[PDB]
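> Next up, entry_35.txt (compact mmCIF, C-alpha atoms).
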```
# COMPACT_ATOMS: atom_id res chain seq x y z
CA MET A 109 -57.28 -56.80 -71.38
CA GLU A 110 -53.84 -58.31 -72.74
CA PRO A 111 -50.57 -58.33 -70.59
CA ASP A 112 -48.68 -54.96 -71.31
CA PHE A 113 -52.03 -53.06 -72.24
CA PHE A 114 -54.00 -51.13 -69.43
CA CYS A 115 -57.46 -49.48 -69.34
CA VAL A 116 -58.00 -45.70 -69.02
CA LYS A 117 -60.65 -44.58 -66.46
CA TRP A 118 -61.66 -40.90 -67.13
CA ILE A 119 -62.62 -39.03 -63.94
CA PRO A 120 -63.51 -35.42 -63.06
CA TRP A 121 -60.36 -34.18 -61.22
CA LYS A 122 -59.67 -30.62 -59.88
CA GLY A 123 -62.14 -29.28 -62.54
CA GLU A 124 -61.20 -31.29 -65.65
CA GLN A 125 -61.74 -34.72 -67.26
CA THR A 126 -58.44 -36.43 -66.13
CA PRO A 127 -57.17 -39.96 -67.03
CA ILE A 128 -55.99 -42.70 -64.57
CA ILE A 129 -54.64 -46.21 -65.36
CA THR A 130 -56.28 -49.42 -64.01
CA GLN A 131 -54.55 -52.77 -63.36
CA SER A 132 -56.26 -56.08 -62.46
CA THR A 133 -52.78 -57.74 -62.26
CA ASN A 134 -51.79 -55.85 -59.04
CA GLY A 135 -48.07 -56.52 -59.78
CA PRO A 136 -44.77 -55.33 -58.26
CA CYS A 137 -44.12 -52.62 -60.99
CA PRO A 138 -44.37 -49.01 -59.79
CA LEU A 139 -44.96 -47.59 -63.29
CA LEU A 140 -48.71 -47.02 -62.63
CA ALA A 141 -48.20 -45.70 -59.08
CA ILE A 142 -45.80 -43.05 -60.56
CA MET A 143 -47.60 -42.55 -63.89
CA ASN A 144 -51.06 -42.02 -62.22
CA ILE A 145 -49.45 -39.38 -59.93
CA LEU A 146 -48.18 -37.67 -63.11
CA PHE A 147 -51.55 -37.76 -65.01
CA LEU A 148 -53.24 -36.37 -61.81
CA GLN A 149 -50.69 -33.52 -61.56
CA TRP A 150 -51.61 -33.10 -65.32
CA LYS A 151 -47.83 -33.30 -66.26
CA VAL A 152 -48.92 -35.84 -68.97
CA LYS A 153 -52.03 -35.44 -71.20
CA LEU A 154 -53.90 -38.14 -73.12
CA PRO A 155 -56.35 -37.39 -75.99
CA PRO A 156 -59.93 -37.74 -74.62
CA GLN A 157 -60.76 -40.47 -77.28
CA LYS A 158 -58.17 -42.70 -75.42
CA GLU A 159 -59.26 -46.15 -74.08
CA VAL A 160 -56.26 -48.54 -73.57
CA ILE A 161 -52.53 -47.59 -73.19
CA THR A 162 -49.28 -49.71 -73.53
CA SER A 163 -46.44 -49.95 -71.03
CA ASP A 164 -44.10 -48.69 -73.87
CA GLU A 165 -46.47 -45.64 -74.10
CA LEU A 166 -46.38 -44.81 -70.36
CA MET A 167 -42.63 -45.43 -70.41
CA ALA A 168 -42.08 -42.81 -73.16
CA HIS A 169 -44.33 -40.32 -71.28
CA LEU A 170 -42.24 -40.85 -68.08
CA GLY A 171 -38.87 -40.47 -69.84
CA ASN A 172 -39.89 -37.17 -71.48
CA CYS A 173 -41.36 -36.04 -68.14
CA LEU A 174 -38.03 -36.72 -66.25
CA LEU A 175 -35.81 -35.15 -69.01
CA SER A 176 -38.29 -32.23 -68.90
CA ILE A 177 -37.67 -31.44 -65.15
CA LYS A 178 -36.20 -27.90 -64.68
CA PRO A 179 -33.34 -27.77 -62.11
CA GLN A 180 -33.86 -25.90 -58.72
CA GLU A 184 -30.26 -24.78 -52.42
CA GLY A 185 -30.67 -28.25 -54.02
CA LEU A 186 -28.29 -30.82 -55.46
CA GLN A 187 -25.93 -28.90 -57.82
CA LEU A 188 -23.61 -31.45 -59.49
CA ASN A 189 -25.70 -34.07 -57.59
CA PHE A 190 -28.71 -32.82 -59.64
CA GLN A 191 -27.23 -33.50 -63.10
CA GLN A 192 -25.91 -36.92 -61.87
CA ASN A 193 -29.44 -37.62 -60.41
CA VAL A 194 -30.95 -37.08 -63.95
CA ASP A 195 -28.35 -39.41 -65.62
CA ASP A 196 -28.87 -41.96 -62.77
CA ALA A 197 -32.65 -41.73 -63.31
CA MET A 198 -32.11 -42.11 -67.05
CA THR A 199 -29.79 -45.19 -66.63
CA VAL A 200 -32.25 -47.21 -64.41
CA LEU A 201 -35.37 -45.86 -66.21
CA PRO A 202 -36.08 -49.05 -68.30
CA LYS A 203 -36.38 -51.20 -65.11
CA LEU A 204 -39.69 -49.58 -63.82
CA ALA A 205 -41.48 -51.59 -66.57
CA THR A 206 -40.38 -54.99 -65.14
CA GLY A 207 -41.08 -53.87 -61.57
CA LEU A 208 -38.81 -53.34 -58.64
CA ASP A 209 -37.83 -55.23 -55.43
CA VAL A 210 -37.79 -52.90 -52.40
CA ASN A 211 -35.87 -53.68 -49.24
CA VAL A 212 -37.69 -51.70 -46.43
CA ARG A 213 -36.13 -50.45 -43.13
CA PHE A 214 -38.42 -50.97 -40.03
CA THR A 215 -37.16 -47.74 -38.49
CA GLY A 216 -39.34 -45.01 -40.13
CA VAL A 217 -41.93 -44.74 -42.94
CA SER A 218 -39.46 -43.08 -45.38
CA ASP A 219 -36.42 -45.38 -44.87
CA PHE A 220 -35.49 -48.04 -47.51
CA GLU A 221 -32.15 -49.46 -48.74
CA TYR A 222 -31.40 -47.02 -51.59
CA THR A 223 -31.52 -48.61 -55.10
CA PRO A 224 -31.07 -46.84 -58.50
CA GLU A 225 -34.87 -46.91 -59.18
CA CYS A 226 -35.30 -44.56 -56.14
CA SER A 227 -33.93 -41.74 -58.50
CA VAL A 228 -37.15 -41.66 -60.61
CA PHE A 229 -39.21 -40.94 -57.43
CA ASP A 230 -36.53 -38.61 -55.85
CA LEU A 231 -36.35 -36.51 -59.11
CA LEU A 232 -40.15 -36.37 -59.82
CA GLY A 233 -40.62 -35.03 -56.25
CA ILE A 234 -42.57 -38.20 -55.37
CA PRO A 235 -41.98 -39.61 -51.87
CA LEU A 236 -41.91 -43.39 -51.38
CA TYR A 237 -43.36 -44.48 -48.01
CA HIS A 238 -44.13 -47.83 -46.30
CA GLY A 239 -46.13 -48.83 -43.20
CA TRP A 240 -43.83 -51.57 -41.90
CA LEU A 241 -42.55 -50.15 -38.57
CA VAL A 242 -41.37 -52.02 -35.43
CA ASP A 243 -43.43 -50.68 -32.46
CA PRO A 244 -41.59 -48.83 -29.62
CA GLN A 245 -43.83 -50.61 -27.03
CA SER A 246 -41.69 -53.79 -27.48
CA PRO A 247 -38.08 -52.58 -26.77
CA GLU A 248 -37.34 -56.36 -27.04
CA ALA A 249 -37.94 -56.38 -30.85
CA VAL A 250 -36.81 -52.76 -31.68
CA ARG A 251 -33.28 -53.83 -30.56
CA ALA A 252 -33.60 -57.30 -32.17
CA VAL A 253 -34.47 -55.93 -35.67
CA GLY A 254 -32.44 -52.77 -34.84
CA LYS A 255 -31.35 -50.61 -37.84
CA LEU A 256 -30.98 -53.69 -40.13
CA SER A 257 -32.67 -53.78 -43.59
CA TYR A 258 -35.28 -56.44 -44.43
CA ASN A 259 -33.37 -58.74 -46.90
CA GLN A 260 -30.64 -58.19 -44.25
CA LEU A 261 -32.88 -59.23 -41.30
CA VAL A 262 -33.60 -62.62 -43.00
CA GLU A 263 -29.79 -63.13 -43.68
CA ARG A 264 -29.13 -62.35 -39.95
CA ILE A 265 -32.12 -64.43 -38.60
CA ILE A 266 -30.52 -67.49 -40.29
CA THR A 267 -26.92 -66.84 -39.23
CA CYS A 268 -28.73 -66.45 -35.83
CA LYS A 269 -30.48 -69.89 -35.68
CA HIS A 270 -26.88 -71.20 -36.13
CA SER A 271 -24.98 -69.12 -33.44
CA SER A 272 -23.14 -70.57 -30.36
CA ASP A 273 -24.02 -67.41 -28.37
CA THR A 274 -27.62 -68.24 -27.26
CA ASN A 275 -28.41 -64.45 -27.04
CA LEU A 276 -28.17 -64.18 -30.86
CA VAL A 277 -30.69 -67.09 -31.12
CA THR A 278 -32.90 -65.11 -28.71
CA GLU A 279 -32.71 -62.04 -31.04
CA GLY A 280 -32.88 -64.65 -33.89
CA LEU A 281 -36.28 -65.90 -32.68
CA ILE A 282 -37.58 -62.35 -31.62
CA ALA A 283 -36.85 -61.02 -35.16
CA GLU A 284 -38.39 -64.14 -36.74
CA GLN A 285 -41.47 -63.49 -34.46
CA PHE A 286 -42.00 -59.85 -35.58
CA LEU A 287 -41.96 -60.93 -39.27
CA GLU A 288 -44.39 -63.93 -38.61
CA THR A 289 -46.74 -61.46 -36.69
CA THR A 290 -46.32 -58.24 -38.86
CA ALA A 291 -46.45 -60.13 -42.21
CA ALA A 292 -49.19 -58.03 -43.84
CA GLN A 293 -46.64 -55.22 -43.98
CA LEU A 294 -48.38 -52.35 -42.12
CA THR A 295 -48.17 -52.15 -38.25
CA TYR A 296 -50.70 -49.91 -36.45
CA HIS A 297 -47.59 -47.88 -35.45
CA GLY A 298 -46.74 -47.70 -39.19
CA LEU A 299 -50.12 -46.18 -40.11
CA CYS A 300 -50.01 -43.50 -37.37
CA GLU A 301 -46.44 -42.43 -38.15
CA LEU A 302 -47.22 -42.44 -41.94
CA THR A 303 -50.54 -40.57 -41.52
CA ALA A 304 -48.71 -37.90 -39.42
CA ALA A 305 -45.81 -37.81 -41.84
CA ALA A 306 -47.39 -37.21 -45.37
CA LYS A 307 -47.97 -33.53 -46.36
CA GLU A 308 -51.74 -32.77 -46.34
CA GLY A 309 -52.76 -32.59 -50.05
CA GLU A 310 -49.50 -33.95 -51.63
CA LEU A 311 -49.39 -37.16 -53.82
CA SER A 312 -47.03 -39.98 -52.71
CA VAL A 313 -46.40 -43.71 -53.36
CA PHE A 314 -47.26 -46.37 -50.73
CA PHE A 315 -45.47 -49.68 -50.63
CA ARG A 316 -46.93 -52.86 -49.00
CA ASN A 317 -46.84 -56.62 -49.95
CA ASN A 318 -44.57 -56.11 -53.07
CA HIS A 319 -47.31 -53.71 -54.35
CA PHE A 320 -47.04 -49.99 -55.26
CA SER A 321 -50.08 -47.68 -54.70
CA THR A 322 -50.70 -43.92 -55.32
CA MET A 323 -51.42 -42.29 -51.90
CA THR A 324 -52.55 -38.90 -50.55
CA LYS A 325 -53.50 -37.19 -47.26
CA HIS A 326 -56.88 -35.36 -47.04
CA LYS A 327 -58.78 -33.70 -44.16
CA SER A 328 -55.90 -35.25 -42.09
CA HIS A 329 -56.37 -39.03 -43.05
CA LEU A 330 -54.84 -41.27 -45.82
CA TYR A 331 -56.60 -42.46 -49.03
CA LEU A 332 -55.11 -44.57 -51.94
CA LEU A 333 -56.29 -44.01 -55.58
CA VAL A 334 -58.42 -47.01 -56.85
CA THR A 335 -56.46 -48.62 -59.73
CA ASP A 336 -58.68 -51.72 -59.45
CA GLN A 337 -60.20 -52.24 -62.94
CA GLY A 338 -63.54 -53.73 -61.76
CA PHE A 339 -64.59 -50.18 -60.71
CA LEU A 340 -63.80 -48.89 -64.25
CA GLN A 341 -67.35 -47.64 -65.16
CA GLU A 342 -67.73 -46.02 -61.73
CA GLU A 343 -66.19 -42.50 -61.82
CA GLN A 344 -67.81 -41.97 -58.37
CA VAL A 345 -65.12 -44.52 -57.28
CA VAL A 346 -61.58 -43.01 -57.13
CA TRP A 347 -60.14 -42.94 -53.57
CA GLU A 348 -60.44 -45.74 -50.98
CA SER A 349 -59.69 -44.81 -47.31
CA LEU A 350 -56.55 -46.18 -45.58
CA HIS A 351 -57.86 -45.15 -42.10
CA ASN A 352 -57.97 -48.70 -40.61
CA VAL A 353 -54.79 -50.87 -40.71
CA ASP A 354 -57.02 -53.87 -41.59
CA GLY A 355 -60.80 -53.40 -41.81
CA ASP A 356 -63.31 -51.46 -43.94
CA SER A 357 -62.70 -49.05 -46.88
CA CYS A 358 -65.21 -46.32 -47.82
CA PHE A 359 -64.87 -45.42 -51.57
CA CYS A 360 -64.96 -41.65 -52.42
CA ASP A 361 -65.48 -39.50 -55.60
CA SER A 362 -62.57 -37.22 -56.65
CA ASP A 363 -63.91 -34.60 -54.17
CA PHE A 364 -63.23 -37.11 -51.24
CA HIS A 365 -67.00 -37.62 -50.39
CA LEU A 366 -68.65 -41.09 -50.07
CA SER A 367 -69.76 -42.86 -53.30
CA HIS A 368 -71.73 -46.11 -53.90
CA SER A 369 -71.21 -48.74 -56.65
CA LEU A 370 -73.94 -50.09 -59.13
```
Kindly return the structure encoded in the file as structure tokens.

Amino acid sequence: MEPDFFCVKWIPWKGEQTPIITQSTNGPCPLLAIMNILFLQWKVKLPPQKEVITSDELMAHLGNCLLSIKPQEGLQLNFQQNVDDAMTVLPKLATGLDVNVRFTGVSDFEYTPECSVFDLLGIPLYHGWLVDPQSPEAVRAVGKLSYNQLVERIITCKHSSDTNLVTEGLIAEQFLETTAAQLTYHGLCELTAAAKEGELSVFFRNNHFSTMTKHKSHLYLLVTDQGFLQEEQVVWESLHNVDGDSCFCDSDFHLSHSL
């Protein structure tokens, strides 16, 4: 109930009573997105008694998990740096992380130190925010620029003497006005296609981090919402429609219905 305390839903996962962390805040900290993936993979175990958990608790669990990862062609020297780099930006996942997306593919983002937690834990970060290839106008306008970059450029555009840069200026502005809930249809398709069937990942949209997976060839996000705390029958929520209706499922990915 209080601000760095979170509630522990217990749910029958791959045979066993498994914990999962619920947030009503729906913030921009990835800790739960990552942590939930870990509890699901059973890399972290909570005593069954357990009801609430602190940030500081999760944070410990995560640090020991990272320092516990056995090395394995991969990065050689780049591994050991990767660990130290993870360790040095580890205390920032608490306070939550700004992500600068690229519109160019579901896996592309401007690299930041926080990306090392994900990269090391074998967790992919994906996003849905892709510029469609049906509008060659806008693909070229936005181009290979980053988001925080696009806004910089849009502004230096409104002020250019070349009118063509105010054309691109207004095109790029347009795409952001239109695609502002940050999942294009194109995004969804590409991202559906792209995730490994079965594998747990982290889905970014509207400064929010979610735990994702692919199943029977569609996407589902784990239900961190706290309202559905009592309801174990409620775990996954479909991500089939870009904007529309969700069908809640039990851990076995079959339909469930709330009290």
> Rounded to one decimal in Å, what is the spacing between atom CA of residue 358 of chain A and atom CA of residue 324 of chain A?
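Separation between atom CA of residue 358 of chain A and atom CA of residue 324 of chain A: 14.9 Å.
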> Residues around (-44.2, -60.3, -34.5), cut-off 12 Å, counting all atoms listed in the file - what are they as a list in words?
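Applying the cut-off with all atoms listed in the file, one gets residues 240, 241, 242, 243, 246, 248, 249, 250, 252, 253, 281, 282, 283, 284, 285, 286, 287, 288, 289, 290, 291, 292, 293, 294 and 295 of chain A.
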> List the spatial neighbours of residue 229 of chain A as a list in words - criterion: any atom at most 10 Å away, only C-alpha atoms, same-chain residues fewer than 3 positions off excluded.
residues 138, 142, 174, 197, 225, 226, 232, 233, 234, 235, 236, 312 and 313 of chain A
> Restricted to C-alpha atoms, what would the selected residues look like written as a PDB file, in the frame of the given file?

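Saved to result.pdb:
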```
ATOM      1  CA  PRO A 138     -44.370 -49.010 -59.790  1.00  0.00           C
ATOM      2  CA  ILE A 142     -45.800 -43.050 -60.560  1.00  0.00           C
ATOM      3  CA  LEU A 174     -38.030 -36.720 -66.250  1.00  0.00           C
ATOM      4  CA  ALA A 197     -32.650 -41.730 -63.310  1.00  0.00           C
ATOM      5  CA  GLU A 225     -34.870 -46.910 -59.180  1.00  0.00           C
ATOM      6  CA  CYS A 226     -35.300 -44.560 -56.140  1.00  0.00           C
ATOM      7  CA  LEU A 232     -40.150 -36.370 -59.820  1.00  0.00           C
ATOM      8  CA  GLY A 233     -40.620 -35.030 -56.250  1.00  0.00           C
ATOM      9  CA  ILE A 234     -42.570 -38.200 -55.370  1.00  0.00           C
ATOM     10  CA  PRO A 235     -41.980 -39.610 -51.870  1.00  0.00           C
ATOM     11  CA  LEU A 236     -41.910 -43.390 -51.380  1.00  0.00           C
ATOM     12  CA  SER A 312     -47.030 -39.980 -52.710  1.00  0.00           C
ATOM     13  CA  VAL A 313     -46.400 -43.710 -53.360  1.00  0.00           C
TER      14      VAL A 313
END
```
> Mind giving me the straight-line distance from atom CA of residue 145 of chain A to atom CA of residue 238 of chain A in Å, one decimal?
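The value is 16.9 Å.
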> Tell me, in Å to one decimal, how far atom CA of residue 189 of chain A is from atom CA of residue 231 of chain A.
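Between atom CA of residue 189 of chain A and atom CA of residue 231 of chain A the gap works out to 11.0 Å.
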> Using all atoms listed in the file, tabulate the residues of segment 169-231 of chain A lying at most 6 Å from any atom of segment 256-275 of chain A, each with its closest atom pair and that distance in Å to one decimal, by chain and increasing residue number, as JSON lines.

```
{"residue": "A:211", "atom": "CA", "partner": "A:258", "partner_atom": "CA", "distance": 5.6}
{"residue": "A:212", "atom": "CA", "partner": "A:258", "partner_atom": "CA", "distance": 5.7}
{"residue": "A:213", "atom": "CA", "partner": "A:257", "partner_atom": "CA", "distance": 4.8}
```
> Closest to residue 300 of chain A among A:180, A:352, A:322, A:337, using only C-alpha atoms?
A:352
> May I ask which of the residues A:188, A:152, A:173, A:208 is the closest one to residue 223 of chain A, counting only C-alpha atoms?
A:208
> Which of these, A:120, A:207, A:185, A:171, has the shortest distance to residue 320 of chain A once you count all atoms listed in the file?
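Ranking A:120, A:207, A:185, A:171 by distance to residue 320 of chain A, first place goes to A:207.
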> Select, from A:205, A:141, A:359, A:230, the residue with the minimum atom-to-atom distance to residue 186 of chain A, counting only C-alpha atoms.
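That would be A:230, the residue with the smallest distance to residue 186 of chain A.
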> Measuring atom to atom with all atoms listed in the file, identify which of A:350, A:370, A:299, A:167 is nearest to residue 332 of chain A.
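Of the candidates, the smallest distance to residue 332 of chain A is held by A:350.
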> Compare A:345, A:333, A:116, A:139 by their minimum atom-to-atom distance to residue 154 of chain A, counting only C-alpha atoms, and give me the closest one.
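Looking only at the distances to residue 154 of chain A, the closest residue turns out to be A:116.
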> Given the point (-56.1, -47.2, -56.6) in the file's coordinates, find the residues that have an atom at most 8 Å from it, counting only C-alpha atoms, and give them as a PyMOL selection string.
chain A and resi 130+321-322+332-336+346-348
> How big is the axis-aligned box, and where does its centre sit, when it encloses all atoms of segment 288-301 of chain A listed in the file and has 3 Å added on every side, reported in Å to one decimal as JSON?

```
{"center_x": -47.5, "center_y": -53.2, "center_z": -39.7, "size_x": 12.3, "size_y": 27.5, "size_z": 14.5}
```
> With only C-alpha atoms as the counted atoms, please give the residues lying no more than 10 Å from residue 343 of chain A, apart from itself and same-chain residues fewer than 4 positions off, as a list in words.
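Contacts, in chain order: residues 117, 118, 119, 120, 339, 360, 361, 362, 367 and 369 of chain A.
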> For the residues in the current selection, export C-alpha atoms as a CSV table (one decimal), in the frame of the given file.

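Ended up saving to again16.csv:
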```csv
chain,number,residue,atom,x,y,z
A,117,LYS,CA,-60.6,-44.6,-66.5
A,118,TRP,CA,-61.7,-40.9,-67.1
A,119,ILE,CA,-62.6,-39.0,-63.9
A,120,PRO,CA,-63.5,-35.4,-63.1
A,339,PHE,CA,-64.6,-50.2,-60.7
A,360,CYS,CA,-65.0,-41.6,-52.4
A,361,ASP,CA,-65.5,-39.5,-55.6
A,362,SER,CA,-62.6,-37.2,-56.6
A,367,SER,CA,-69.8,-42.9,-53.3
A,369,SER,CA,-71.2,-48.7,-56.6
```
